[PDB]
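Listed below are the residues making up each chain.
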Amino acid sequence: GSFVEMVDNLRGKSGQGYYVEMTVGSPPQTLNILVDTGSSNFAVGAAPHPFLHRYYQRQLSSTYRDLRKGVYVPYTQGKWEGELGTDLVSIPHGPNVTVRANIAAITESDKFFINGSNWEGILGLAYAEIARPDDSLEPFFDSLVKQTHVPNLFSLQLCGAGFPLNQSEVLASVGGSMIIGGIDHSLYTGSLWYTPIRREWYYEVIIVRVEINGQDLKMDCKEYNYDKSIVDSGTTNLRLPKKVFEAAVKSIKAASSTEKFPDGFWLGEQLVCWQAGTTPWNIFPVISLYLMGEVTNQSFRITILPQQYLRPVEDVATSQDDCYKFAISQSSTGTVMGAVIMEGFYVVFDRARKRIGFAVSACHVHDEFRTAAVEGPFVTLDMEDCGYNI
Ligand SMILES: COc1cccc(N2C[C@H]3C(=O)N(C)C(=N)N[C@@]3(c3cc(-c4cccc(C#N)c4)cs3)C2)n1
């Protein structure tokens, strides 16, 4: 590992998101910030809020600059509103540089800040095209690259614990690494396989085949990317298009049919529990997503285990049982490879070469019989047809 200063700089879990420490203003104001490859704004709480124990105080920063413009961001299941400006921003456990970046000072929000969550803002790492209010507001990473010599690439190792982490534990535990400007070889095993970034807005990719325990879901591959497929550290679950979700759940139920689970479990609403240590991992299937490779007619696959798609949750009776929620759910906005997918791999966002790399994560949860995997190559024809166009 050549980036020791950035290794283990993340904290959190899939259900609450993973965050990194950042500072804003002069003198520096420290804040915990959610790492989000699913958005492109750097936005931080800038006013008192019941669920925040600290926030950005613009009046105390000598380097604060008011852009005299507001921003309103309503998203499904939540929203935030704020005031735009710029200031000096740094990442203590990151590159040793300070950059002037845009900051959306959140003055009002709805279902944005979660009680128990330890972050006070979000770092949108995707492209300008989806920045709010529009693409003229340069994203943080673009500013970083333009103002310093930091390579146009970052990589993420999100580490799920495999069991519940209480309030004390989640604050005292290492949740992963965000390597800014490079690839740390200590974070993965095996080889890195790259899939092209289809278009630079979200980190869009193309899935060309899906298997449940080796059995081909056998759907027109266009269905897998309808209306798009993205890699999003800011989404907890692996989300699949309605029709794909229906087919996948049917296959996962069939593979695990030796035990019957309630509809609420499959809907991701209710937890299921087993006596301590007896979770029947082996009855659940592995899931393989084949992604377009960099070479013509070549693909590779990433395989996850139920240890990735069954999210550990504390039992309501805080018993000694091991409980989980099914972390695969349906979407009407395309496939979203969220945290439970990313927890199995070291993911390289190679913006410079317009590609995303995947390798087995050194911190993925597994058992003595199965492990997550990244394998290739496979001959796959007409992969462009798998991409959707409106
Ligand atoms: C910040 O600026 C902007 C701009 C436009 C949109 C935008 N966002 C759209 C939201 C969204 O719907 N997704 C999917 C996402 N990728 N990021 C957002 C949030 C995620 C969480 C959150 C909470 C808990 C856990 C996890 C996890 N894992 C994530 C809260 S808001 C921020 N942000």
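The chain goes by Beta-secretase 1 in the PDB entry, where it is assigned to Homo sapiens. Under its PDB header, the title given for this structure is "Structure of BACE Bound to 3-(5-((7aR)-2-imino-6-(6-methoxypyridin-2-yl)-3-methyl-4-oxooctahydro-1H-pyrrolo[3,4-d]pyrimidin-7a-yl)thiophen-3-yl)benzonitrile". In UniProt, the chain has this text filed under Sequence similarities: "Belongs to the peptidase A1 family."

The next subject is the state of the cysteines. Going through the model one piece at a time under the given rule, you end up with three disulfides. Disulfide pairing places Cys 159 opposite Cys 363 at an S-S distance of 2.0 Å. Its torsion about the S-S bond being -90°, the disulfide of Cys 159 and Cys 363 is classed as left-handed. One end of the pair, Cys 159, is in the loop between strand 9 (154-158) and helix 2 (167-172); the other, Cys 363, is in the loop between strand 24 (355-361) and strand 25 (373-379), and 204 residues separate them in sequence. As far as burial versus exposure is concerned, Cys 159 and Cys 363 are alike and both buried.

All right, on to the packing of aromatic side chains then. Following the criterion strictly, the structure yields 29 aromatic pairs and no others. Centre to centre, the rings of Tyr 75 and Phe 112 are 6.3 Å apart; their planes meet at 70°, and the pair counts as edge-to-face. Residue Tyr 75 is located in strand 5 (residues 65-75), and its partner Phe 112 is located in the loop between strand 7 (98-110) and strand 8 (121-124); the two are separated by 37 residues in the primary sequence. Exposure remark for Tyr 75: the relative accessible area of 35% places this residue in the partly exposed category. For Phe 112, a relative accessible area of 6% gives the class buried. Ring geometry for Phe 265 against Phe 326: centres 5.6 Å apart, planes inclined by 40°, an arrangement best described as tilted. Linking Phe 265 in helix 4 (residues 263-266) with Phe 326 in strand 20 (residues 322-326), this pair joins segments that are 61 residues apart in sequence. Each residue in the set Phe 261, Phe 265, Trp 266, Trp 274, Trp 281, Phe 284, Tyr 309, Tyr 324 and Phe 326 is aromatic and connected to the rest through ring pairs, giving one cluster. We note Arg 209 situated over the ring of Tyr 290; from NZ or CZ to the ring centre the distance is 5.4 Å.

Parameters and conventions
- Residues numbered from 1 in each chain as written, not as in the entry; some residues may be left out.
- Heavy atoms only, no water.
- UniProt positions renumbered as here; feature names shortened; annotations may be inferred.
- Disulfide = S-S within 2.5 Å.
- Helix = DSSP H or I, 4+ residues; strand = E, 2+ residues; numbered from the N terminus.
- Buried < 20%, exposed > 50% of the residue type's maximum accessible area, 1.4 Å probe, protein only.
- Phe/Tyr/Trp six-rings, centres within 6.5 Å; stacked < 30°, edge-to-face > 60°.
- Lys NZ or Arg CZ within 6 Å of the ring centre and 35° of its normal.

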